[PDB]
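Structural overview for review
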Protein chains: 4
Amino acid sequence: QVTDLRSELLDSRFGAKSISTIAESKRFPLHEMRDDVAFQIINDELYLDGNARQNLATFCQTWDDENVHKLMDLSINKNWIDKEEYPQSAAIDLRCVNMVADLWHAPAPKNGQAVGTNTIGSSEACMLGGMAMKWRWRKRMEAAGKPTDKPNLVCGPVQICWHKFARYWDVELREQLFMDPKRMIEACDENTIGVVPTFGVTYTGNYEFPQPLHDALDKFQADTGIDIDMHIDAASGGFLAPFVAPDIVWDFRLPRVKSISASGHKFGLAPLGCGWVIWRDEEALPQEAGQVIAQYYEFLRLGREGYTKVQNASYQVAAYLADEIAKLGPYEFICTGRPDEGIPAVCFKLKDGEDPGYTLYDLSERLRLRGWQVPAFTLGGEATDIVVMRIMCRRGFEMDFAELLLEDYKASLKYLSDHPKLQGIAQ
Amino acid sequence: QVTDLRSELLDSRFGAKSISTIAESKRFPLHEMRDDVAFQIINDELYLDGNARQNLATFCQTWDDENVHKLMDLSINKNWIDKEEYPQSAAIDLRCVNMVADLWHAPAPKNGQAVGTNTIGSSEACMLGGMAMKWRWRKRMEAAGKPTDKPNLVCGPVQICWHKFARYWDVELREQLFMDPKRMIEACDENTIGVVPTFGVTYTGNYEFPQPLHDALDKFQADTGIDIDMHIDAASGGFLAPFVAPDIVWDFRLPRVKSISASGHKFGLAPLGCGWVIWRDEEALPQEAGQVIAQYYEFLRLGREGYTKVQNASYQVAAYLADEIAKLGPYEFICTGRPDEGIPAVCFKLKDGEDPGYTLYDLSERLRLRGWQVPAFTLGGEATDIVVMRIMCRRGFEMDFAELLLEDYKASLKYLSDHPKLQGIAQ
Amino acid sequence: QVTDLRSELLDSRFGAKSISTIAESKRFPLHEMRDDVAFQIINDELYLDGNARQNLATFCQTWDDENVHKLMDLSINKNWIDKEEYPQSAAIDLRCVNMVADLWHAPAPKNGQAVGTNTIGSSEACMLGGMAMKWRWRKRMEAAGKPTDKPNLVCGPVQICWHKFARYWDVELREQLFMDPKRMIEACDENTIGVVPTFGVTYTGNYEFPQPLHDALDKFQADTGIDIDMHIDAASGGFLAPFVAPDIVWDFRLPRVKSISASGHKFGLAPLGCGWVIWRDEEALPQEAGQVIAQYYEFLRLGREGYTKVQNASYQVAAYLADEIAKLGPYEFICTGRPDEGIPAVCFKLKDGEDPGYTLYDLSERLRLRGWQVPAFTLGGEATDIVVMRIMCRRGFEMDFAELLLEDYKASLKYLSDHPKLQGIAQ
Amino acid sequence: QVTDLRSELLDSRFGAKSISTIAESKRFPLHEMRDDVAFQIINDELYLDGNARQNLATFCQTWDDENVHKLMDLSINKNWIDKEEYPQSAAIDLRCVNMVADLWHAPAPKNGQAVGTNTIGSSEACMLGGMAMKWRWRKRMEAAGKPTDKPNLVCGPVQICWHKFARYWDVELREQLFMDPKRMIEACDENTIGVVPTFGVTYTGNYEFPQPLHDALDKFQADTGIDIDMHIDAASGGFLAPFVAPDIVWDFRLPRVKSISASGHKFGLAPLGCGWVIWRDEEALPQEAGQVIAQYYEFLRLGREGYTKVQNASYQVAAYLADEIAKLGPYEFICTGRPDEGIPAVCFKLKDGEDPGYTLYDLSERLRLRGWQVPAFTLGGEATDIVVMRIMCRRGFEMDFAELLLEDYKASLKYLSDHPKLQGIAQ
């Protein structure tokens, strides 16, 4: 009892009885071990997790500066949930709502504060905008006096964050890289909740433009009685276009856009995982604390100048990888990465014509051997045997890193080329 | 341009031109300032926020050791969203699901992995369990074949996390510290989705015991044909009773308990803000990453030993404050803080008979002047003019701190004792 | 024994038996506890102490950069007591004595090393200079040869750091913000040790000028035989005026100024709490280590450039608060805060005419509710009818902080405006 | 202009124009340099200062643990000066006063708080006690009615911290290792202020015992009318004997002892430099904040157990060095270092008989060559050609260090022995 306790006292962390056992799992621990052994046994499995620096499949953030770290450390616990218990965090939250609703061109608020909402993620943002539009539609059309059972929410080919809404909220849904302006309201002639055109969302890489379709909305209000609003689902374009392509018009510069939704952890440099919903004016919405601190710090420290600089760095790397991989092999880029037209990413498939002995699928793993989490994919359609690869570029992926990735690319190209029987490594 | 730039280079933190302006607000910054001045600008706001250590109105956590700090530091970015991209975080997630669904006594899972779900908060947990049992009821009673427009979900007098459900999910809801076992199913005997009795909820203090009502459920199954299940809403109880009062019956030890909901940031020592939902087994449920890792670390480091020691410390200090403030003045404690009956908290009101020259509203202010966020309240009922105070105890509230609070209490007593006109300071 | 000691080893700091007791007080501890639990026990007391950042009643320093911090860390123990054990600390000490005796315009020392002395505080400085000039007077006037029992040291109405001297050093104490040049020596024309006119000491805020009175000393030398020297008690003006207002005559630029006394922790940016005494040259004086080094670091890092920037920032925010609170209510500022005339502070009182339903005593309370230690006072005179408030500004008090104080000021205005029965909350 | 500025921006600390000049001195810096260059130029001269670890001439502290360092760095600003602005530091101050006045055996205070005073150094303590007993001597004498012009304060032969008092406070002073009990009052039969016998003072190494002289005091009270009190000047015995020699009686266990003075930075493990004065009870005294935090932390963390352990470690090292150096050469230890008799130190001279070719003056410098600041001295008496050396032992001087010191001793012994012309290296 005493001697083994003494050994438990003064011992190397790799000499104790506490560690030589397997980790706990299927039951609750009956006793307590030393905190350093627990810390080590946890740290090792996240070592096994992988290297997130080279994970090019994600858009979420990777790096944060020291001051952001200190700020989130200061704000670990306290919440903005209610009013006075922590009064300044809610104030800063309303400040950032003001700043974002300014950046996306809102009408100047009369009383002095904009209308918006911070959210945990983009899904909550989309669901909020959805039931908001549903509420105003039902209210005014009941003012009209006709009954309801068949409300179709148009557009949104593969977005499921809204299909969950339409699947649970009693909503029918009926819907080039995008849909033409006419068929849009061909399916949306009379009855409709809302029109949701994406903007730099994860699945549709490059912008699905709102100016071409707004002319449609206007002239089919002029033609037939139905006047329908919109909601842009800008998961990233909401924090890219106002810096690197300001002229192109997608915000409340148009009349009929009533609400806009974005995520701040993709490209808003906000670490935790956050989202924003912004409404045009009090008339828009119906009847009815750590991430804000880091986002406000980023807003102050960087501003339009620094944000333009960082997003232009990312677009630069995207252009570089595009051109060089283009002269690597027989590729056909669907998504190149120009600031005017899409988010900084490169999605490309093998040439229509030929197979170079090796499928793209099996190049991804020869890259993985080095630690590059570069993903290959197939799209959802009538053709199911064309396969693409996407190398998303983000903050914290410097040009040097792109060069090392391209060198490992080259090495993989040589290995598969020589040993030709690696043609079908993927399922 | 050059001279003031040189001044910008080598300057004290409080001599720069960038600081002497007011903070940003109603618009987006056009340029970028230096990181140090932005860091300070933010830091003094959180200074003005208040002192969270002495904020006794909250139940959420306050302090976390260094190991959990660096561990969450390591896991800041990565998420449990899917299997491949970060494989071990989801593994540890399912591990903690096993741990919890063990701690609340579940049937041993056949394949080897328990059923459950981690969530962002207790609200999502409550909503999820509610929709789940709604699906169960609708599907099976439609296998019976009779129409459904009259679903009354009973119990839960002041919980709004479920009133939001019943407000949006087309659900009518019809409903001593608790209600007697007979009237319970009186309101419920025929049509009913579920019965939700709380357990250590934020407003209700005492355990609303499920054993007395379970015999009721059984014998009105035996009497009338309706067999109705249950769902415990154990926000704080779920992580207290299995350590400091194990014998008391409340989890799946009873047959009809189909699901349990808890919050892990209240008394589960999990920092971020988390929740747990746990289902009995596969038959129950319908057809259709930083919190887990720190909660797993605390599970391993403390276990049953450490957790019992901690919650018993909290119950200890809660008993101490009870007795001493009891013989300070003419008080009537409704919530004392015994481990058998309630969460570690002390809620007391004025004696029914008399007023000691001062309300308990104004005593909160004379406590506040030194930083004690002790909240006074009024209860919800037909009688409005009886006021209470709650001095909730938690981890990180050592006993000498309690004696300090009591000394400041004494000082406030003397002060508003001498100057008797401070009788109606609160609105 | 063995089990409880095992528990003593593996335990959270809030589960240990050692903490669950009250702190020690009325006796010496017989045994020893662990260092972490004592560290926590102490830390929570300083938590309860208050927030020194928002304590505007003090003039002493609040913040110091990391370099001076780790520097005083390196110098924690060593002493400037003598040359033999630590020879360079005394070297830097004599260096900064040179620096100061320069900054206040001394005659160039022949040997190359100025005369002076670093001290622990301003009180010891005042006593030292007083005893020095008393020795001078007694020795020379006994070289004249007439008896000495009637020494009246004039000026210094409310300074007690000199009245302690005059209390036990056998000195008679004889003595429109300041006194006119004639009555000054009216009280003094024959027998007198010295004339002590302050220079923005703690109690008298704005400069009591020595130029107007020096012509007095000169021509009552020319008229009657008595030649009297002086000693400025510049507790703050000694480290403010030579940067932000240099043209004024107040140091040894005048002939009869024999000594100067200042404090280095007020506006000299020296952390510990220090003082300086400086003598004209060797003839004046009678026959008979962490502060210096941090003050030397700040001298080198900032110099005239940095110090000017800093004190001008403080005067800036002091003017801001003046104008804003001036247009808040019906106030009459006695001390505004112009660099030419006073230290950076704003002392104001109620208008002579009317009371706005609330005294300025009770406004300090509703400011305190948020943490602002803004002190209200009563003046010292034959008339106890006026109450004042002083909002002293210092390094570390950014301007956005000032606007935050102003917003809380506004809130207090509204509150005690609506509820009028708060007429006399202060004793 | 611009190119040199960009060079000053991107540059090693040893490539800038700022460093190539020597440090500032005889004047105030006109401009500001970079703070890192200033920090470096300060750091290197402290390098040149010396190594305080091997400075065995001092008794003051050398090392403090991490927690005391963080407490002091937390309190580097706040003061105990006044009651409200920092209320808890003063509370802890009176706590430590209670604990010290308990440790030295005071009568139990009736109200509950002891009488005492914290001070900056020992000098202020001695001066305070002196003026206190002077005041009582005066008031009692006034009641008796005889004039006071010849007050002699006995004892204190080489202490100057009291001779300054007697030099400025109009006090005549008339006064084996100590003076016999009879001659003490032989110089003090009738007129006397006080009797000051040291205890652990720096100059008189080993205790000047109060029990032998107290019988004297009692029986010359019984013999002639004069009843005279005492004051122990225990600069180090005050924090030594109550742990390592409790039975010996020198505190208020005796009646006539009215006050006791000590320093807390020598052996009280208090870093800053502090002192304590303690009075018997209210009847004793006349009619008219960082150090305490660290001393209170030491009191709690260590207590009687830890303090006994550390002082016994120091006495152990003192015994070891004594025996070993006695084995080295022909030495005659005057101060050996036994716990019953004196402070932990070893003072020794050369044997009266012979010179071993080298004096101990010149052995100290051959020790210095390695870094050992071991000092040699001569005493003030009738024969001043005997020379001693003292190796004071303290906390932070472990046995290993004593062994290395002895080895360097041995090496130096050989060098002087061989080269015999090093007879008179000291002045």
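Residues numbered from 1 in each chain as written, not as in the entry; some residues may be left out. Chains lettered and ligands numbered in written order. Part of a larger assembly, values for the part shown. Heavy atoms only, no water. Residues with missing side-chain atoms left out of burial classes, pairs and counts.

Chain A goes by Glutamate decarboxylase in the PDB entry, where it is assigned to Escherichia coli. Per UniProt, chain A has the following entry under Cofactor (unreviewed entry): "pyridoxal 5'-phosphate". (UniProt positions renumbered as here; feature names shortened; annotations may be inferred.)

As a further point, take the relation of the copies chain B and chain A. Between chain B and chain A, which share one sequence, the superposing operator has a rotation angle of 180° and an axial displacement of 0.1 Å; the RMSD is 0.2 Å. Both chain copies can therefore be described as sitting about a two-fold axis. Of all interface residues in chain B, 94% are interface residues in chain A too; the two copies therefore contact each other through one and the same surface. (Least-squares fit on C-alpha atoms. Contact = heavy atoms within 4.5 Å.)

Here we come to the interface of chain B and chain A. The partner chain A presents 65 residues to the 66 residues of chain B that form the contact. Across the chain B to chain A interface the summed buried area is about 6600 Å²; carbon plus sulfur atoms make up 62%. Remark: the boundary between chain B and chain A carries seven salt bridges. Salt-bridge contacts for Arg95 of chain A lead to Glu45 of chain B; the nearest nitrogen and oxygen are separated by 3.6 Å. The tally of links between chain B and chain A comes to 23 residue pairs in polar contact. Secondary structure elements with two or more residues in the side of chain B that touches chain A: α2 (35–49), α3 (66–74), α4 (87–103) and α10 (290–326) of chain B. (Buried area = accessible area lost by both parts, 1.4 Å probe. Salt bridge = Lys/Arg side-chain N within 4 Å of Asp/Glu carboxyl O. Polar contact = N/O pair within 3.5 Å; in protein donor to acceptor, adjacent residues only side chain to side chain. Helix = DSSP H or I, 4+ residues; strand = E, 2+ residues; numbered from the N terminus.)

For the rest of this paragraph, the subject is the sheet that holds strand β2 (residues 230–233) of chain B. Residues and elements named next belong to chain B. If you walk across this open sheet you meet the four strands as β1-β4-β3-β2, and the pairing is mixed. Both edges of this open sheet fall to β1 (116–119) and β2, since each of them pairs with a single strand only. The sheet shows a mean angle of 15° between the axes of neighbouring strands, taken without regard to direction. Bridge count for β1 against strand β4 (residues 275–279) is four bridges, and the pairing is antiparallel. Paired with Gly116 across the strands is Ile278, a residue of β4. (Pairing = 2+ DSSP bridges. Axes fitted to C-alpha atoms, helices over the stretch in contact; angles between N-to-C directions.)

Residue and element names in this part refer to chain C. Mapped onto the elements, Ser236 comes out in the loop between β2 (230–233) and α9 (241–244). Residue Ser236 is classed as buried on the basis of its relative accessible area of 2%. Ignoring anything within four residues of it in the chain, the contact list for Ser236 reads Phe199, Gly200, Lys266, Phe267 and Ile343. (Buried < 20%, exposed > 50% of the residue type's maximum accessible area, 1.4 Å probe, protein only.)

The subject of this paragraph is the relation of the copies chain D and chain C. Superposing chain D onto chain C requires a rotation of 180° together with a translation of 0.1 Å along the rotation axis, leaving an RMSD of 0.3 Å. Comparing interface residues between copies, 93% of those in chain D also lie at the interface in chain C; the contact surface is shared.

A few words now on the sheet that holds strand β2 (residues 230–233) of chain D. One key point about sheets: their strands pair by backbone hydrogen bonds, in either a parallel or an antiparallel sense. All names here are of chain D. With mixed pairing, the four strands of this open sheet are ordered in space as β1-β4-β3-β2. Each having just a single partner strand, β1 (116–119) and β2 make up the two edges of the open sheet. Averaged over all pairs of adjacent strands, the angle between strand axes in this sheet comes to 15°, irrespective of strand direction. Sheet topology places strand β3 (residues 257–263) next to strand β4 (residues 275–279); five bridges connect them, and they run antiparallel. Residue pairing in the sheet places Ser261 in a bridge with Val277 of β4.

Attention now moves to the state of the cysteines. Tallied over the entire structure, the rule returns zero disulfides over all chains. Free of any disulfide, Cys126 of chain A has its nearest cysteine sulfur in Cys161 of chain A, 3.5 Å distant. Of the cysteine sulfurs around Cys393 of chain C, a residue in no disulfide, the closest is that of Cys347 of chain C, at 10 Å. (Disulfide = S-S within 2.5 Å.)

Residue and element names in this part refer to chain B. A contiguous patch of negative charge on the surface is contributed by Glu332, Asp352, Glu354, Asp355 and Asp385. Inspection of the secondary structure puts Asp385 in the loop between β7 (376–378) and β8 (387–390). Residue classification places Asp385 among the exposed positions, given a relative accessible area of 73%. (Patch = residues over 30% accessible without salt bridge, like charges linked within 9 Å, V, L, I, M, F, W, Y side chains within 5 Å. Areas by Shrake-Rupley, 256 points an atom, 1.4 Å probe, with all protein chains shown as cover. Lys, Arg positive; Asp, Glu negative; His and termini not counted. Charge placed at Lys NZ, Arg CZ, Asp CG, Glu CD.)

Attention now moves to helix α4 (residues 87–103) of chain D. Taking 1.5 Å as the rise per residue, α4 of chain D with 17 residues should run 24 Å; its terminal C-alpha atoms sit 25 Å apart, in good agreement. Along α4 of chain D, 13 of the 17 residues are buried, which leaves the element largely enclosed by surrounding structure. (Expected span 1.5 Å × (residues − 1).)

A word on the pattern of salt bridges. Throughout the structure, instances matching the rule amount to 66 salt bridges over all chains. Here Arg34 of chain C ties to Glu8 of chain C by a salt bridge, and the two come within 3.7 Å at their closest N and O atoms. Of this pair, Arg34 of chain C sits in the loop between α1 (2–9) and α2 (35–49) while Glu8 of chain C sits in helix α1, and the two are 26 residues apart along the sequence. Overall, the relative accessible area of 28% leaves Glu8 of chain C in the partly exposed class. Shared partners join several salt bridges into a network, and the residues in it are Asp11 of chain B, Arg301, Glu305 and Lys309 of chain C together with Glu32 and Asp35 of chain D.

Once that is clear, we can look at the packing of helix α10 (residues 291–326) of chain A against helix α12 (residues 399–418) of chain A. Residue and element names in this part refer to chain A. Put simply, α10 and α12 touch, their axes get as near as 10 Å, and they point 20° apart. As summarised for this structure, α10 and α12 are arranged roughly parallel, according to the angle between their axes. In the packing of α10 onto α12, the handedness of the crossing is right-handed. Here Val317, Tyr320, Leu321, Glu324 and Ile325 of α10 come into contact with α12, specifically with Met399, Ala402, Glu403, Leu405, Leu406 and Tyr409. (Parallel < 35°, antiparallel > 145°, perpendicular 65-115°, else oblique. Left-handed = near helix turned anticlockwise from the far one by under 90°.)

Each side of the interface is counted separately: chain D has 70 residues, and chain C has 67 residues. Between chain D and chain C, a total of about 6600 Å² is buried, with carbon and sulfur atoms accounting for 60% of that surface. Three residues, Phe28, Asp49 and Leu300 of chain D, lead the burial of chain D against chain C; their summed loss comes to 12% of the area buried on that side. Between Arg301 of chain D and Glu32 of chain C there is a salt bridge whose closest N-O contact spans 3.0 Å.

This part covers the domain arrangement of chain A. When the domains of chain A are assigned, the result is domain 1 (1–54) and domain 2 (67–307). Distance from the C-alpha centre of domain 1 of chain A to the C-alpha centre of domain 2 of chain A: 47 Å. (Domains from an automatic or database assignment.)

This part takes up the packing of aromatic side chains. Counted by the stated rule, this structure contains 76 aromatic pairs over all chains. Between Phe28 of chain C and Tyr307 of chain D the ring centres are 6.4 Å apart and the planes differ by 75°, which places this aromatic pair in the edge-to-face class. Of the two residues, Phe28 of chain C sits in the loop between α1 and α2 while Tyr307 of chain D sits in helix α11 (residues 303–328), which places them in two different chains. Here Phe28 of chain C matches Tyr307 of chain D in class, with each residue buried. Both rings, one in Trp372 of chain D and one in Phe401 of chain D, keep their centres 5.5 Å apart while their planes meet at 70°; by these two values the pair is edge-to-face. Here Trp372 of chain D, found in the loop between α12 (360–368) and β7 (376–378), pairs with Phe401 of chain D, found in helix α13 (residues 399–418); they are 29 residues apart in sequence, far enough to count as distant. For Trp372 of chain D, a relative accessible area of 4% corresponds to the buried category. Grouping aromatic residues by their ring pairs yields a cluster made of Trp104, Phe199, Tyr207, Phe209, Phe239, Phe243, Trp250, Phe299 and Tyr307 of chain A together with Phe28 of chain B. One residue, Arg366 of chain B, lies across the ring of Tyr415 of chain B, its end atom 4.3 Å from the ring centre. (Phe/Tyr/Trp six-rings, centres within 6.5 Å; stacked < 30°, edge-to-face > 60°. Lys NZ or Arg CZ within 6 Å of the ring centre and 35° of its normal.)

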